[PDB]
Ligand SMILES: *[C@@H]1O[C@H](CO)[C@@H](O[C@@H]2O[C@H](CO)[C@@H](O[C@@H]3O[C@H](CO[C@H]4O[C@H](CO)[C@@H](O)[C@H](O[C@H]5O[C@H](CO)[C@@H](O)[C@H](O)[C@@H]5O)[C@@H]4O)[C@@H](O)[C@H](O[C@H]4O[C@H](CO)[C@@H](O)[C@H](O)[C@@H]4O[C@H]4O[C@H](CO)[C@@H](O)[C@H](O)[C@@H]4O)[C@@H]3O)[C@H](O)[C@H]2NC(C)=O)[C@H](O)[C@H]1NC(C)=O
Ligand SMILES: *[C@@H]1O[C@H](CO)[C@@H](O[C@@H]2O[C@H](CO)[C@@H](O[C@@H]3O[C@H](CO[C@H]4O[C@H](CO)[C@@H](O)[C@H](O)[C@@H]4O)[C@@H](O)[C@H](O)[C@@H]3O)[C@H](O)[C@H]2NC(C)=O)[C@H](O)[C@H]1NC(C)=O
């Protein structure tokens, strides 16, 4: 604990809940780029940015 | 530019205005009676201001991919006017020009066929090096304008000016169409004509030099 280089690991007794979201309603677009090979790119985003 | 929608008295109206929605919108609808000032109907979609009947309803701005819509059920005679929409789209920048308005018109009597009369340019005008064809259209209802100038086979797009239709104390409206040409052009083509269509019914009258 006296040496700063080592990290300080902590363990909780009561869980802290966390809510994460990606509000952007993206879409998947599979554009064939090779024989038997398919690349997946993001399409039009529906809704608010 | 204008868009017309015919609605029988006491029936539902469908009004389209604005582009496709890309984000959450806040649509504004306005009422511009003929000659009067634009009056507000709907702000923030279905929500309305004091003194407005419930027959006017706005489509919600929460959905995406659709166009705004002002719904009028059992239209009374007073509701007929020009309606503009002001789009506040989250994805789109600020709009300073309203959308192309929709002209709602109650039928308010039976459809009338246009009465057309075409006159050749005056002989006196040839001396001044000015030639003008006059296509008169009257006794027509509703006030829908369709200008079509055909010089023999092929038409002429430029050099034509037409006014807005207006009623003259009758169901009919007043439409007058003009065309500025040169004296050497009147003797060029064999015969001219101005075709007038109304609600899908075309009327054509020709003219020939002497
Ligand atoms: C990321 O970048 C990409 C490009 O790299 C963007 O993709 C582009 O997205 C735009 C829209 O934002 C697309 O424009 C749309 O194209 C539609 C398809 O047109 C083609 O096919 C139709 C028939 O199916 C033909 O009529 C067209 O021919 C004409 O257009 C070309 C030019 O593209 C002219 O040169 C020709 O002379 C023809 O005129 C094409 O072949 C097209 O239908 C669509 O049109 C709607 O929107 C226009 C806007 O002016 C209206 O005029 C038109 O009437 C249509 O109106 C829609 O909306 C109204 C309501 O307002 C509805 O009532 C209508 O029913 C309709 O829904 C428009 O032109 C573009 O093609 C596309 N290109 C590519 C390569 O993907 C991404 O959008 C962009 N994304 C992001 C997030 O940034
Ligand atoms: C993220 O964006 C997605 C679209 O890319 C959203 O998916 C949409 O989800 C709604 C329901 O929440 C679906 O609506 C249903 O559609 C079916 C079938 O539609 C038929 O009728 C409609 C006209 O009403 C017509 O346009 C169609 O072509 C069909 O003829 C209906 O039977 C249901 O009652 C309901 O209306 C959309 O269809 C669906 N979109 C697509 C492209 O599938 C998704 O909901 C968005 N994310 C969130 C969290 O909302």
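Residue numbers (the authors' numbering), protein chains in the order written: chain G, 277 to 309, 312 to 321, 321A, 322 to 326; chain L, 6 to 9, 11 to 67, 67A to 67C, 68 to 95, 95A to 95C, 96 to 210.
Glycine included, C-beta positions come from ideal geometry on N, C-alpha and C.
The beta carbon of residue 321 (chain G) does not come within 9 Å of any beta carbon belonging to chain L, so the residue lies off that interface.
Residue burial annotation: residue 35 (chain L) is buried, with at least 16 other C-beta atoms found within 10 angstroms of its C-beta. Our two residues, residue 106 (chain L) and residue 47 (chain L), have alpha carbons roughly 18 Å apart in a direct line.
Between residue 115 (chain L) and residue 139 (chain L) the beta-carbon gap is near 4 Å, inside 8 Å, which marks them as a contact. In terms of Cβ geometry, residue 133 (chain L) and residue 120 (chain L) form a close pair [threshold 9 Å]. Between residue 314 (chain G) and chain L, the shortest Cβ-Cβ separation is not below 9 Å. The Cβ atoms of residue 164 (chain L) and residue 147 (chain L) do not sit closer than 9 Å to each other. Here residue 80 (chain L) carries a helix assignment [DSSP, helix/strand/coil].
The beta-carbon distance between residue 189 (chain L) and residue 151 (chain L), rounded to whole angstroms, is 4 Å. This is short enough to meet the 8 Å contact definition. Remark: C-beta atoms of residue 23 (chain L) and residue 76 (chain L) do not approach each other more closely than 9 Å.
The residue from L:100, L:95 and L:32 with its alpha-carbon nearest to that of residue 9 (chain L) is L:100. Exclusion of residue 325 (chain G) from the 8 Å shell around ligand 1 follows from its C-beta lying no nearer than that to any non-hydrogen atom of the ligand. Per the C-alpha coordinates, the member of L:117, L:162 and L:83 positioned closest to residue 42 (chain L) is L:83. When DSSP reads this structure, residue 166 (chain L) sits in a beta bridge with L:174. The continuous stretches of beta strand (DSSP E) do not include residue 56 (chain L), and DSSP gives it neither H nor E. G:316 is the residue among G:300, G:299 and G:316 whose C-alpha sits nearest the C-alpha of residue 306 (chain G).
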